[PDB]
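Presented below is the structure to which this report refers.
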Amino acid sequence: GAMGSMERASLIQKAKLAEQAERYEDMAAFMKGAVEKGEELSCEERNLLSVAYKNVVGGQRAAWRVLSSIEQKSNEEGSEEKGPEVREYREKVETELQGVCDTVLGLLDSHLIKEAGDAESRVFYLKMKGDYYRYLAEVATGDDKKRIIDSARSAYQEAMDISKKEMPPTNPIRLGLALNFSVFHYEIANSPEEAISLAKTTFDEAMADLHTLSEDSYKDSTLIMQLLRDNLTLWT
Amino acid sequence: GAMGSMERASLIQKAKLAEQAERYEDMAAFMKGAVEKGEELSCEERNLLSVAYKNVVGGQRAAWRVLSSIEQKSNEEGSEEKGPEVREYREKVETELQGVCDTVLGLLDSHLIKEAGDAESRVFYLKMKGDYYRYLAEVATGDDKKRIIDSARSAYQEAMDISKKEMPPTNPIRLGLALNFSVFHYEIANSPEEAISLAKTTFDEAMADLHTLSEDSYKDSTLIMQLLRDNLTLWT
Amino acid sequence: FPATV
Amino acid sequence: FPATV
Ligand SMILES: Cc1cc(C(=N)N)sc1-c1ccccc1
Ligand SMILES: Cc1cc(C(=N)N)sc1-c1ccccc1
Ligand SMILES: [Mg+2]
Ligand SMILES: [Mg+2]
Ligand SMILES: [Mg+2]
Ligand SMILES: [Mg+2]
Ligand SMILES: [Mg+2]
Ligand SMILES: [Mg+2]
């Protein structure tokens, strides 16, 4: 590990600096180094890890979608052959994306999840496992595609089960998990009705619990509730 | 060269795909590979090269400025010591930026400039040489700082001399060169009056030549003229 | 695309 | 910052 010689606290500090500088690849490398110190992560540290990799993989996904669209158009009837280059470059971006997902999943499996006993940490990591298997599923086409989808589903389901037992329905981790699992159902599992049902039930159960919250918690929860409503509007 | 096995035309095609996908680091690597094939670059290819590296170094410069500002605040009177991390990380970004500039300057010196005989190509490359020495000067503090500034000046001056002899005053390469050399004077050479004089004379001489142009050339030239006016408004 | 966090 | 191209 290229970060093995740097203090854990220095890695965390530099991750925060990298975030301010919008250097998300650096931020992800620093947080990977911090995880590899072997200690559990605090809530703030978990969010630095997730922000870093979400931005890295989000850029890769956006690029993959552009290239996939060009490739599909190059393969339509009447298109002029342009050679192997579009496929090759889409494959290059795809392989880099898969590498990032494998890296995150590797951190979760060695050993973040197994040491995470509190609901806030364990649900957060299982949500991340579902998300990164979901990103693998977006690009998957081979013998293992169904197993990739099922790995995402299984991680999301375990996170959901814990969240329903241990967290209030307005907890922002629980809300974001449900938002993302609902998107998994719509876009990956070809289950739009399940996606819509989950988003609606999540929104309504959160609504009914808002009365318990402070102003700041209310803002956190209603932000994610608005995303649930945005998706419901897109889908209905 | 990791691109040595890929056809020149394939590198150019992939650079264009990388641009569409906003993958500018890839786009720059592909164009470096294309330059290293040893053939001269067409106008379109020169612009792919410049777009790629401008975006890469522009991101590095933006990050360097954020980190430099944090570092300066950490060094003010009354600030709490935060350790070496801010300086270290600013230095890391700075070294990567210097590496990109050295790479571009190396391409220009081996062997783009020496083979560039037409004004459009030679002025373009000398402008790029001035620009990348200017980016080095923005971060320079050591024994060679004055020589870095003078290298930028010398490249810009040679480009200016050729452009005035060989190009009309509305030529967009000539306009962009003047815009950038004017910024060099203002921000690097501590010569704001020279910067303002150059921007004004460039704008006025272009204005007087617009009547010769087609609608499409008029659009190209007036776009850059507006940037000259924007800077003049910032500076006066 | 739909929203995720 | 001022404009450059
Ligand atoms: C939720 C969050 C996101 C953060 C970031 N993008 N840097 S820091 C952070 C947090 C969490 C818990 C306690 C204090 C700060
Ligand atoms: C000016 C320019 C920028 C380009 C780009 N960002 N891809 S291609 C291009 C050009 C130049 C000359 C002839 C045809 C195309
Ligand atoms: Mg230690
Ligand atoms: Mg593949
Ligand atoms: Mg249910
Ligand atoms: Mg060949
Ligand atoms: Mg240095
Ligand atoms: Mg003069």
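The way I read the labels, and the way they are meant: chains A, B, ... in the order of the structure tokens, residue 1 as the first residue of every chain, and ligand 1 as the first ligand shown, with later ones counted on from there.
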
Item to check | Contacts of residue A:146 at 9 Å (only C-alpha atoms; same-chain gap of 5+ positions) as JSON, numbers by chain | outcome: {"A": [137, 140, 151]}

Please write the residues from the selection above to a file, keeping C-alpha atoms, as a compact mmCIF listing (two decimals), in the first residue's frame.
# COMPACT_ATOMS: atom_id res chain seq x y z
CA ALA A 137 -24.48 -5.03 -12.60
CA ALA A 140 -22.40 -6.89 -16.59
CA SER A 151 -25.18 -10.10 -4.53

Residues of chain C within 6 Å of chain A, only C-alpha atoms counted, as an mmCIF file with N, CA and C atoms, in the first residue's frame:
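Once written, result34.cif looks like this:
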data_model
loop_
_atom_site.group_PDB
_atom_site.id
_atom_site.type_symbol
_atom_site.label_atom_id
_atom_site.label_comp_id
_atom_site.auth_asym_id
_atom_site.auth_seq_id
_atom_site.Cartn_x
_atom_site.Cartn_y
_atom_site.Cartn_z
ATOM 1 N N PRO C 2 -32.576 8.216 -12.343
ATOM 2 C CA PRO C 2 -33.191 8.465 -11.037
ATOM 3 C C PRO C 2 -32.149 8.812 -9.983
ATOM 4 N N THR C 4 -30.036 8.739 -6.577
ATOM 5 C CA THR C 4 -29.450 7.857 -5.564
ATOM 6 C C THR C 4 -28.497 8.685 -4.726
ATOM 7 N N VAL C 5 -28.192 8.225 -3.527
ATOM 8 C CA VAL C 5 -27.273 8.940 -2.649
ATOM 9 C C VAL C 5 -26.139 8.071 -2.162
#

Neighbours of ligand 5 within 9 Å, counting only C-alpha atoms and all ligand atoms, as a short mmCIF file (atom, residue, chain, number, x, y, z; two decimals) with N, CA, C and O atoms, in the first residue's frame?
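What follows is the written file part_26.cif:
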data_model
loop_
_atom_site.label_atom_id
_atom_site.label_comp_id
_atom_site.auth_asym_id
_atom_site.auth_seq_id
_atom_site.Cartn_x
_atom_site.Cartn_y
_atom_site.Cartn_z
N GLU A 194 -42.09 -3.01 -7.58
CA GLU A 194 -41.40 -3.09 -6.29
C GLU A 194 -40.69 -1.78 -5.98
O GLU A 194 -40.73 -1.31 -4.84
N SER A 197 -43.41 0.77 -4.96
CA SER A 197 -43.96 0.44 -3.65
C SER A 197 -42.98 0.80 -2.54
O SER A 197 -43.35 1.38 -1.51
N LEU A 198 -41.70 0.43 -2.72
CA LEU A 198 -40.71 0.72 -1.68
C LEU A 198 -40.54 2.22 -1.49
O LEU A 198 -40.48 2.71 -0.35
N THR A 201 -43.81 3.56 0.38
CA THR A 201 -43.90 3.16 1.77
C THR A 201 -42.82 3.84 2.60
O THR A 201 -43.07 4.30 3.72
#

Item to check | Near-ligand residues for ligand 3, threshold 9 Å, only C-alpha atoms and all ligand atoms, as a PyMOL selection string | outcome: chain A and resi 5-9+37

Go ahead and save the picked residues with N, CA, C and O atoms, as an mmCIF file, in the first residue's frame.
data_model
loop_
_atom_site.group_PDB
_atom_site.id
_atom_site.type_symbol
_atom_site.label_atom_id
_atom_site.label_comp_id
_atom_site.auth_asym_id
_atom_site.auth_seq_id
_atom_site.Cartn_x
_atom_site.Cartn_y
_atom_site.Cartn_z
ATOM 1 N N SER A 5 2.972 4.176 4.816
ATOM 2 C CA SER A 5 3.871 4.947 5.657
ATOM 3 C C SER A 5 3.250 6.219 6.204
ATOM 4 O O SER A 5 3.903 6.929 6.974
ATOM 5 N N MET A 6 2.008 6.550 5.855
ATOM 6 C CA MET A 6 1.449 7.821 6.275
ATOM 7 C C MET A 6 0.501 7.562 7.461
ATOM 8 O O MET A 6 -0.270 6.589 7.473
ATOM 9 N N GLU A 7 0.562 8.446 8.455
ATOM 10 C CA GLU A 7 -0.275 8.314 9.642
ATOM 11 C C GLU A 7 -1.746 8.312 9.270
ATOM 12 O O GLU A 7 -2.187 9.045 8.384
ATOM 13 N N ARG A 8 -2.528 7.547 10.027
ATOM 14 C CA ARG A 8 -3.966 7.516 9.800
ATOM 15 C C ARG A 8 -4.571 8.918 9.863
ATOM 16 O O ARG A 8 -5.355 9.303 8.989
ATOM 17 N N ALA A 9 -4.213 9.706 10.879
ATOM 18 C CA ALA A 9 -4.816 11.022 11.017
ATOM 19 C C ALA A 9 -4.441 11.919 9.841
ATOM 20 O O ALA A 9 -5.232 12.773 9.418
ATOM 21 N N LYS A 37 -5.451 0.872 7.613
ATOM 22 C CA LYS A 37 -4.838 0.886 8.935
ATOM 23 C C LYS A 37 -5.457 -0.145 9.863
ATOM 24 O O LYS A 37 -4.848 -0.500 10.880
#

Next on the checklist: Quick one: residues within 10 Å of stretch 153-170 of chain A, only C-alpha atoms, excluding same-chain residues fewer than 4 positions away - as JSON, numbers by chain?
Outcome noted: {"A": [118, 119, 120, 122, 123, 124, 125, 126, 127, 128, 129, 130, 131, 133, 134, 147, 148, 149, 174, 175, 176, 177, 178, 180, 181, 182, 184, 185, 188, 189, 202, 203, 204, 205, 206, 207, 208, 209, 210, 212, 213, 217, 218, 220, 221, 222, 224, 225]}

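Note that the spacing between atom CA of residue A:12 and atom CA of residue A:46 amounts to 10.6 Å.
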
Item to check | Within-10 Å residues of ligand 4, basis only C-alpha atoms and all ligand atoms, as a PyMOL selection string | outcome: chain A and resi 87-88+90-98+139-142

Give me the chain B side of the contact with ligand 2, cut-off 8 Å, one line per residue showing its nearest atom pair and distance in Å at one decimal, counting only C-alpha atoms and all ligand atoms, sorted by chain and residue number, as a tab-separated table.
residue	atom	partner	partner_atom_place_in_ligand_line	distance
B:16	CA	ligand 2	7 (N)	6.2
B:19	CA	ligand 2	7 (N)	7.2
B:42	CA	ligand 2	12 (C)	7.8
B:43	CA	ligand 2	12 (C)	4.9
B:44	CA	ligand 2	11 (C)	3.7
B:45	CA	ligand 2	8 (S)	7.1
B:46	CA	ligand 2	11 (C)	8.0
B:47	CA	ligand 2	3 (C)	5.0
B:48	CA	ligand 2	5 (C)	5.3
B:51	CA	ligand 2	6 (N)	6.0

Would you write out those residues with C-alpha atoms, as a short mmCIF file (atom, residue, chain, number, x, y, z; two decimals), in the first residue's frame?
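Done, and the output landed in result_9.cif:
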data_model
loop_
_atom_site.label_atom_id
_atom_site.label_comp_id
_atom_site.auth_asym_id
_atom_site.auth_seq_id
_atom_site.Cartn_x
_atom_site.Cartn_y
_atom_site.Cartn_z
CA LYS B 16 -12.25 12.32 -29.72
CA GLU B 19 -13.43 14.26 -25.18
CA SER B 42 -3.11 18.71 -38.54
CA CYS B 43 -5.06 21.70 -37.25
CA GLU B 44 -7.76 19.48 -35.77
CA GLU B 45 -5.16 17.24 -34.13
CA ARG B 46 -3.32 20.24 -32.63
CA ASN B 47 -6.58 21.39 -31.08
CA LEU B 48 -7.28 17.93 -29.65
CA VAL B 51 -7.92 20.80 -25.34
#

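For chain A, the residues close to chain B, meaning within 8 Å and counting only C-alpha atoms, are residues 10, 13, 14, 17, 20, 21, 22, 23, 62, 63, 64, 66, 67, 85, 86 and 89 of chain A.
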
Write a file of the just-selected residues containing N, CA, C and O atoms, as a tab-separated table (two decimals), in the first residue's frame.
chain	number	residue	atom	x	y	z
A	10	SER	N	-3.21	11.77	9.33
A	10	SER	CA	-2.77	12.56	8.18
A	10	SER	C	-3.53	12.17	6.92
A	10	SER	O	-3.88	13.04	6.11
A	13	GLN	N	-6.91	13.81	7.25
A	13	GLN	CA	-6.79	15.25	7.00
A	13	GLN	C	-6.64	15.52	5.51
A	13	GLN	O	-7.25	16.45	4.96
A	14	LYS	N	-5.79	14.76	4.83
A	14	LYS	CA	-5.59	14.95	3.40
A	14	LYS	C	-6.81	14.57	2.59
A	14	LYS	O	-7.07	15.20	1.55
A	17	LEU	N	-8.82	17.68	2.66
A	17	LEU	CA	-8.24	18.67	1.76
A	17	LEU	C	-8.54	18.32	0.30
A	17	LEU	O	-8.87	19.20	-0.51
A	20	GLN	N	-11.98	19.36	-0.61
A	20	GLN	CA	-12.11	20.79	-0.85
A	20	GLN	C	-11.54	21.16	-2.22
A	20	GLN	O	-12.06	22.08	-2.89
A	21	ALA	N	-10.48	20.49	-2.65
A	21	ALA	CA	-9.85	20.72	-3.94
A	21	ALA	C	-10.51	19.96	-5.09
A	21	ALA	O	-10.02	20.04	-6.23
A	22	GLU	N	-11.59	19.22	-4.81
A	22	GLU	CA	-12.28	18.42	-5.82
A	22	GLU	C	-11.35	17.43	-6.51
A	22	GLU	O	-11.46	17.16	-7.71
A	23	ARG	N	-10.46	16.83	-5.73
A	23	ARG	CA	-9.52	15.82	-6.18
A	23	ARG	C	-9.98	14.48	-5.63
A	23	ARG	O	-9.44	13.95	-4.66
A	62	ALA	N	-20.67	7.82	-15.81
A	62	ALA	CA	-21.11	8.79	-16.80
A	62	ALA	C	-20.35	8.58	-18.11
A	62	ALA	O	-20.94	8.63	-19.19
A	63	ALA	N	-19.04	8.34	-18.02
A	63	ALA	CA	-18.24	8.13	-19.22
A	63	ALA	C	-18.63	6.83	-19.91
A	63	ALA	O	-18.81	6.79	-21.14
A	64	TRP	N	-18.82	5.77	-19.14
A	64	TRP	CA	-19.27	4.50	-19.70
A	64	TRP	C	-20.58	4.66	-20.46
A	64	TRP	O	-20.75	4.08	-21.54
A	66	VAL	N	-21.80	7.37	-21.95
A	66	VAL	CA	-21.55	8.07	-23.21
A	66	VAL	C	-20.99	7.10	-24.24
A	66	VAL	O	-21.47	7.03	-25.38
A	67	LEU	N	-19.99	6.32	-23.84
A	67	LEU	CA	-19.32	5.42	-24.77
A	67	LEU	C	-20.23	4.29	-25.20
A	67	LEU	O	-20.23	3.90	-26.38
A	85	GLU	N	-12.38	0.50	-32.26
A	85	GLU	CA	-11.92	1.47	-31.27
A	85	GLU	C	-12.99	1.83	-30.24
A	85	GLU	O	-12.67	2.03	-29.07
A	86	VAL	N	-14.25	1.99	-30.66
A	86	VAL	CA	-15.28	2.37	-29.70
A	86	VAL	C	-15.45	1.28	-28.65
A	86	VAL	O	-15.47	1.55	-27.44
A	89	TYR	N	-12.40	1.18	-26.29
A	89	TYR	CA	-12.31	2.24	-25.31
A	89	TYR	C	-13.42	2.11	-24.27
A	89	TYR	O	-13.18	2.32	-23.07

Next on the checklist: Taking only stretch 66-231 of chain A into account, list the residues labelled helix (DSSP H, G or I) by DSSP (computed from the backbone), as a PyMOL selection string.
Outcome noted: chain A and resi 66-74+85-115+119-139+145-166+172-188+192-207+210-212+215-231

Write out, as a short mmCIF file (atom, residue, chain, number, x, y, z; two decimals), in the first residue's frame, the residues just selected, with C-alpha atoms.
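Result written to out_32.cif:
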data_model
loop_
_atom_site.label_atom_id
_atom_site.label_comp_id
_atom_site.auth_asym_id
_atom_site.auth_seq_id
_atom_site.Cartn_x
_atom_site.Cartn_y
_atom_site.Cartn_z
CA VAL A 66 -21.55 8.07 -23.21
CA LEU A 67 -19.32 5.42 -24.77
CA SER A 68 -21.98 2.69 -24.62
CA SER A 69 -24.41 4.97 -26.42
CA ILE A 70 -21.88 5.72 -29.15
CA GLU A 71 -21.14 2.00 -29.45
CA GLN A 72 -24.81 1.08 -29.77
CA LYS A 73 -25.25 3.69 -32.52
CA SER A 74 -22.16 2.40 -34.33
CA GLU A 85 -11.92 1.47 -31.27
CA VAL A 86 -15.28 2.37 -29.70
CA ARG A 87 -15.67 -1.08 -28.17
CA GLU A 88 -12.04 -1.10 -27.05
CA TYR A 89 -12.31 2.24 -25.31
CA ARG A 90 -15.68 1.42 -23.72
CA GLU A 91 -14.04 -1.79 -22.48
CA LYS A 92 -11.11 0.18 -21.06
CA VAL A 93 -13.39 2.47 -19.06
CA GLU A 94 -15.50 -0.53 -18.03
CA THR A 95 -12.47 -2.40 -16.72
CA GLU A 96 -11.33 0.64 -14.72
CA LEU A 97 -14.85 0.99 -13.27
CA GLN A 98 -14.93 -2.69 -12.35
CA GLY A 99 -11.55 -2.24 -10.71
CA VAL A 100 -12.83 0.59 -8.52
CA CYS A 101 -15.89 -1.43 -7.53
CA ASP A 102 -13.72 -4.46 -6.72
CA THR A 103 -11.50 -2.23 -4.59
CA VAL A 104 -14.44 -0.87 -2.57
CA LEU A 105 -15.99 -4.32 -2.19
CA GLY A 106 -12.60 -5.59 -1.08
CA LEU A 107 -12.39 -2.96 1.65
CA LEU A 108 -15.87 -3.86 2.83
CA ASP A 109 -14.99 -7.58 2.92
CA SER A 110 -11.54 -7.01 4.50
CA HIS A 111 -12.67 -6.12 7.05
CA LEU A 112 -15.13 -3.30 7.47
CA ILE A 113 -18.39 -5.26 7.46
CA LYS A 114 -17.31 -8.04 9.82
CA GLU A 115 -16.23 -5.53 12.49
CA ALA A 119 -26.64 -0.36 13.07
CA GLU A 120 -25.37 2.96 11.73
CA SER A 121 -22.06 1.43 10.65
CA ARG A 122 -23.31 -1.98 9.50
CA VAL A 123 -26.25 -0.61 7.50
CA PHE A 124 -23.96 2.00 5.91
CA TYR A 125 -21.46 -0.65 4.79
CA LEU A 126 -24.10 -3.08 3.55
CA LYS A 127 -25.72 -0.26 1.57
CA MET A 128 -22.31 0.44 0.03
CA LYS A 129 -21.92 -3.25 -0.82
CA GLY A 130 -25.30 -3.18 -2.56
CA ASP A 131 -24.41 0.02 -4.40
CA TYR A 132 -21.06 -1.26 -5.74
CA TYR A 133 -22.55 -4.58 -6.84
CA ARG A 134 -25.26 -2.48 -8.51
CA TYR A 135 -22.60 -0.53 -10.42
CA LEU A 136 -21.02 -3.85 -11.48
CA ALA A 137 -24.48 -5.03 -12.60
CA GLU A 138 -24.96 -1.94 -14.77
CA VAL A 139 -22.06 -3.11 -16.99
CA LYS A 145 -24.48 -11.35 -14.31
CA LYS A 146 -27.33 -12.94 -12.37
CA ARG A 147 -25.01 -13.65 -9.45
CA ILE A 148 -23.85 -10.01 -9.47
CA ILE A 149 -27.47 -8.83 -9.29
CA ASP A 150 -28.22 -11.27 -6.51
CA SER A 151 -25.18 -10.10 -4.53
CA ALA A 152 -26.49 -6.53 -4.73
CA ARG A 153 -29.98 -7.66 -3.68
CA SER A 154 -28.69 -9.72 -0.77
CA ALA A 155 -26.59 -6.87 0.63
CA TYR A 156 -29.43 -4.36 0.28
CA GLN A 157 -31.88 -6.81 1.88
CA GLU A 158 -29.67 -7.44 4.92
CA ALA A 159 -29.22 -3.68 5.31
CA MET A 160 -32.98 -3.18 5.03
CA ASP A 161 -33.70 -5.86 7.62
CA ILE A 162 -31.31 -4.29 10.15
CA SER A 163 -32.51 -0.77 9.41
CA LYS A 164 -36.15 -1.67 10.03
CA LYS A 165 -35.29 -3.28 13.37
CA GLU A 166 -32.78 -0.75 14.66
CA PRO A 172 -31.02 9.35 6.77
CA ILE A 173 -28.97 6.16 6.28
CA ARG A 174 -32.18 4.11 6.25
CA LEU A 175 -33.80 6.58 3.85
CA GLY A 176 -30.84 6.59 1.46
CA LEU A 177 -30.65 2.81 1.55
CA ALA A 178 -34.33 2.59 0.59
CA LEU A 179 -33.92 5.19 -2.14
CA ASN A 180 -31.04 3.23 -3.67
CA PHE A 181 -32.64 -0.22 -3.25
CA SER A 182 -35.73 1.16 -4.95
CA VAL A 183 -33.53 2.29 -7.88
CA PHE A 184 -31.95 -1.20 -7.92
CA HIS A 185 -35.45 -2.65 -8.30
CA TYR A 186 -36.39 -0.27 -11.10
CA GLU A 187 -33.18 -0.18 -13.16
CA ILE A 188 -31.44 -3.50 -12.41
CA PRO A 192 -40.65 -1.22 -11.35
CA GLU A 193 -43.66 -2.04 -9.18
CA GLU A 194 -41.40 -3.09 -6.29
CA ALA A 195 -39.38 0.10 -6.79
CA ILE A 196 -42.47 2.30 -6.63
CA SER A 197 -43.96 0.44 -3.65
CA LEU A 198 -40.71 0.72 -1.68
CA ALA A 199 -40.30 4.42 -2.43
CA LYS A 200 -43.90 5.18 -1.44
CA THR A 201 -43.90 3.16 1.77
CA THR A 202 -40.53 4.63 2.77
CA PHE A 203 -41.73 8.17 2.14
CA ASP A 204 -44.99 7.71 4.04
CA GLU A 205 -43.40 6.04 7.05
CA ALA A 206 -40.80 8.81 7.23
CA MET A 207 -43.50 11.50 6.95
CA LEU A 210 -40.94 13.73 11.21
CA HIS A 211 -42.76 15.12 14.26
CA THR A 212 -40.14 13.54 16.52
CA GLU A 215 -35.04 21.21 12.96
CA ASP A 216 -31.64 20.00 11.79
CA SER A 217 -32.67 16.32 11.67
CA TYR A 218 -35.86 17.34 9.87
CA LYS A 219 -33.78 19.03 7.18
CA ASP A 220 -31.60 15.93 6.76
CA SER A 221 -34.55 13.56 6.45
CA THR A 222 -36.75 15.74 4.25
CA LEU A 223 -33.88 16.20 1.78
CA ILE A 224 -33.84 12.46 1.08
CA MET A 225 -37.62 12.24 1.16
CA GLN A 226 -37.67 14.75 -1.68
CA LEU A 227 -35.43 12.43 -3.73
CA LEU A 228 -37.90 9.58 -3.13
CA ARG A 229 -40.70 11.84 -4.36
CA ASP A 230 -38.59 12.91 -7.35
CA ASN A 231 -38.15 9.29 -8.39
#

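Relative to atom CA of residue A:55, atom CA of residue B:49 is found at 26.1 Å.
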